[PDB]
RNA sequence: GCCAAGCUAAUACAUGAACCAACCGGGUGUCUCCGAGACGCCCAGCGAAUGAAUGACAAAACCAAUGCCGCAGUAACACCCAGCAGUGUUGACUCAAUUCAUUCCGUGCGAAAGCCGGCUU
Ligand code: NA
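Protein chains in written order, with my numbering: chain A, 1 to 154; chain B, 155 to 237; chain C, 238 to 497; chain D, 498 to 592; chain E, 593 to 776.
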């Protein structure tokens, strides 16, 4: 007669049970390896390059299989910065990079821009116009190759 | 019989050529085990186990060095703490 | 896939004339990289001048008359490289492959009890089956039980004749190194301070014997001794001392004037 | 050399009582059984001279269940005795 | 044949790419397995590099583990009860990864009595380690309720069309309650 | 471009080596002492699939059981081994590697059941 946990109706509306692969949440005697403040079992990872782990990653409840902090996605390659351009998708944003291009013949500059598709973890809530830091990862979709690592307000 | 020689029972064919001594042709025996090859087979198993024995000795030396280094730190800590 | 090598595409460290032929011998995979190796056919024929052509160079090699690291090699495409010992017992000459101050390959004469050891840089460490530690060196060797204090970047003194490691040199502040790549190849310096940039390359600052200051990537340095006084390996004549081109041009003009 | 105490193996504390070991082996000055080894005992002899090990029962007489082994421990009594008052001076250092 | 390249796709701008190279062997695909319940039948496939893949066509046996007790047993599959992709896979009775199946509960009941001495052991004898490990140990009612029924729900954890095996794990906790609500 | 019958090689194909020969672990039956020990039995190789752990941290009283002389010494460990791993790497890992359970092996794994010389084995 062991009373287990209950289904979290907030985060279970996807026709299949959302669960973290790295850990088993049905353990009667959890160890000290992966335990958050609430005493639950949650897998969290420490990425490199001196990036702090968000609080919602350590003591949250969301399930993301493409998050760089709570999944097997690793960060390697390039680190860039941009401004949020659109947040009309689900866990995806568009960032824009603006720069000046120098034309040698006329000795003058030229305004140019480029658009990138980035995966936004639920640990972050960026608004349009904010500045973000993104890091390169493996192909996560047809167009996505970067992951959000930090957000600067306004 | 299992011990009787077989080199003397091989079939020999005779070829005659005009103005030449007749020659006898016999097949070369295959799968014939000689005391030269019996020592060759048994030799292989000798250094197969010898090589494995050597690696176990190399493992023991490493564990001695690891443990002895770990032991010296305990004595140094206790020597200073007691004295 | 590829099997040939055009002469123009061959590395410039070798001395091959563009007007002599279309092709150059392509080294086989082995201990050293293709772009940082000297094939055995080039050493025998183009440097030692023992073989006039490549037909006579095959007679010498396929007889096993050339020993590399105390082992005969009969392939003219064998990739011999840095810190390698080449011995020909019939002629009684022993060499070591090093870099001169300019950057070219140099053959340094050796003696007995010195042609028995070589220095290897550790590039990787991992755990094998049965929980044994294995270290991979810069020339493909795999040591199955290294010193417990070994780390990546250190130098291991090996004994080719008897096949066990004898000593270990650690990589840190206050040590003698030789640069093996870049624009400062073959220069012997002294580690001053190393900048650590995670994810990117590390930069090491070195000072020469004369006091000249220079920098290079951390992967291009090779520890060879505690300091410039007691080196563990014989170096070429210039001792890794780079000189100005202005003065260099003057002495050769004077020496050649009095040469006759 | 030095002959004060002997080492007894492999007697087991959970199987043999205090009186049972005293019967086979005579320890006059001191006697103690060690549990971390669980096969070690330290008994001191008043007048061992050549000790009980050299005369006999070295490695052949065997004890109940297992063969017995003994040797010269090269430890005397008055050293560990002396440290006790040195340890008694700290037993009273704090109340 | 089948390809896995992006040359036939539209650009993000909606335009069309002009392909000027033929199809390469390095980007091929293969037809699926469509594994089903039944007597064992597999076929090997030679993959790139000379390796082999076991394309299973029918299976009826697998290895299922009780995570709470850290044990495992070889049992027989009884039915397919749920599939997240489409219930037409439940009708056709196909076996894929993460599908929900019902397995034989007899071997797990026997191990339960042999270990913890509970029957849902002719002579007690000196073996009384039952009380030694029965302390601080409880079994959820949901697992025990279906153990005595004869079958227990499980989740397939292996890819049958890539390795030729149907291995799984028994549902417990919140995952069990999630699927029991949909099935009703 | 082809068919049938009759001969016979292998480093082609197939099958297959017990004792010499160790260290260590898990589960279980009959004996002795008062929980300890002995014995018998099943399984314990490289690689593969699944599940569970490891893959670090960064001021005193009371009770039950324990180590040492009553709490001062104090790597750990119920004998043969009293230091025979308490310590993998990276910027970062669900990676390397180790232990337990089931299938393994139902894709695989010969000492080529191999060939030459020199000394007398
Ligand atoms: Na063969």
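Quick reminder that beta carbons are idealized off the backbone N, C-alpha and C, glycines included.
Any idea if residue i is buried or exposed, counting beta-carbon neighbours within 10 angstroms, 16 or more meaning buried?
i: residue 740 (chain E); result: exposed
i: residue 191 (chain B); result: exposed
i: residue 745 (chain E); result: buried
i: residue 183 (chain B); result: exposed
i: residue 516 (chain D); result: exposed
i: residue 57 (chain A); result: buried
i: residue 326 (chain C); result: exposed
i: residue 203 (chain B); result: exposed
i: residue 129 (chain A); result: exposed
i: residue 42 (chain A); result: buried
i: residue 644 (chain E); result: exposed
i: residue 467 (chain C); result: exposed
i: residue 125 (chain A); result: exposed
i: residue 70 (chain A); result: buried
i: residue 756 (chain E); result: buried
i: residue 482 (chain C); result: exposed
i: residue 119 (chain A); result: buried
Taking Cβ positions, are residue i and residue j nearer each other than 8 angstroms?
i: residue 34 (chain A); j: residue 765 (chain E); result: no
i: residue 629 (chain E); j: residue 685 (chain E); result: yes
i: residue 74 (chain A); j: residue 137 (chain A); result: yes
i: residue 767 (chain E); j: residue 17 (chain A); result: yes
i: residue 291 (chain C); j: residue 282 (chain C); result: yes
i: residue 179 (chain B); j: residue 166 (chain B); result: yes
i: residue 696 (chain E); j: residue 668 (chain E); result: yes
i: residue 455 (chain C); j: residue 438 (chain C); result: yes
i: residue 429 (chain C); j: residue 443 (chain C); result: yes
i: residue 273 (chain C); j: residue 318 (chain C); result: yes
i: residue 385 (chain C); j: residue 220 (chain B); result: yes
i: residue 151 (chain A); j: residue 134 (chain A); result: no
i: residue 734 (chain E); j: residue 26 (chain A); result: no
i: residue 265 (chain C); j: residue 315 (chain C); result: yes
i: residue 97 (chain A); j: residue 82 (chain A); result: yes
i: residue 666 (chain E); j: residue 652 (chain E); result: no
i: residue 469 (chain C); j: residue 397 (chain C); result: no
Could you check what DSSP says for residue i in three-state terms: helix, strand or coil?
i: residue 89 (chain A); result: coil
i: residue 665 (chain E); result: strand
i: residue 261 (chain C); result: coil
i: residue 355 (chain C); result: strand
i: residue 335 (chain C); result: strand
i: residue 251 (chain C); result: coil
i: residue 216 (chain B); result: helix
i: residue 75 (chain A); result: coil
i: residue 550 (chain D); result: helix
i: residue 131 (chain A); result: strand
i: residue 438 (chain C); result: coil
My understanding is that residue i touches residue j, with C-beta atoms under 8 angstroms, so please give their C-beta distance in whole angstroms.
i: residue 253 (chain C); j: residue 244 (chain C); result: 6 angstroms
i: residue 548 (chain D); j: residue 524 (chain D); result: Contact flag wrong, Cβ pair sits at about 12 angstroms.
i: residue 374 (chain C); j: residue 393 (chain C); result: 7 angstroms
i: residue 424 (chain C); j: residue 416 (chain C); result: 5 angstroms
i: residue 360 (chain C); j: residue 389 (chain C); result: 7 angstroms
i: residue 648 (chain E); j: residue 753 (chain E); result: 6 angstroms
i: residue 356 (chain C); j: residue 333 (chain C); result: With 8 angstroms as the limit, residue 356 (chain C) and residue 333 (chain C) do not qualify as a contact, their Cβ atoms being about 10 angstroms apart.
i: residue 637 (chain E); j: residue 620 (chain E); result: Actually they are not in contact, since the Cβ atoms of residue 637 (chain E) and residue 620 (chain E) sit about 12 angstroms apart, beyond 8 angstroms.
i: residue 518 (chain D); j: residue 538 (chain D); result: 7 angstroms
i: residue 303 (chain C); j: residue 323 (chain C); result: 7 angstroms
i: residue 769 (chain E); j: residue 132 (chain A); result: Residue 769 (chain E) to residue 132 (chain A), Cβ: 39 angstroms. No contact.
i: residue 427 (chain C); j: residue 478 (chain C); result: That belief does not hold up - the Cβ atoms of residue 427 (chain C) and residue 478 (chain C) are roughly 13 angstroms apart, past 8 angstroms.
Quiz prompt | Given 8 angstroms, three or more beta-carbon pairs between the segment 471 to 488 of chain C and the segment 503 to 516 of chain D | solution = The segment 471 to 488 of chain C is not in contact with the segment 503 to 516 of chain D.
Quiz item: Are at least three pairs of beta-carbons, each pair with one atom in the segment 399 to 413 of chain C and one in the segment 439 to 451 of chain C, less than 8 angstroms apart?
Solution: Touching, no.
Quiz item: Three or more C-beta pairs closer than 8 angstroms, one from the segment 509 to 519 of chain D and one from the segment 568 to 575 of chain D: is that the case here?
Solution: With the cut-off at 8 angstroms, the segment 509 to 519 of chain D and the segment 568 to 575 of chain D do not touch.
Quiz item: Is there contact between the segment 723 to 736 of chain E and the segment 614 to 625 of chain E, where contact requires at least three CB pairs shorter than 8 angstroms?
Solution: Below 8 angstroms, too few C-beta pairs join the segment 723 to 736 of chain E and the segment 614 to 625 of chain E to call them touching: fewer than three.
Quiz prompt | the segment 706 to 715 of chain E contacting the segment 672 to 692 of chain E, beta-carbon criterion three pairs below 8 angstroms | solution = Contact between the segment 706 to 715 of chain E and the segment 672 to 692 of chain E is absent, because fewer than three Cβ pairs lie under 8 angstroms.
Quiz item: Is the segment 24 to 43 of chain A touching the segment 108 to 117 of chain A in the sense that three or more CB pairs, one from each, lie closer than 8 angstroms?
Solution: For the pair of segments examined, the segment 108 to 117 of chain A was found not to touch the segment 24 to 43 of chain A: the number of CB pairs separated by less than 8 angstroms stays below three.
Exercise. Could you tell me whether the segment 702 to 721 of chain E touches the segment 600 to 610 of chain E, where touching means 3 or more Cβ pairs closer than 8 angstroms?
Key: Too few Cβ pairs lie closer than 8 angstroms, so no.
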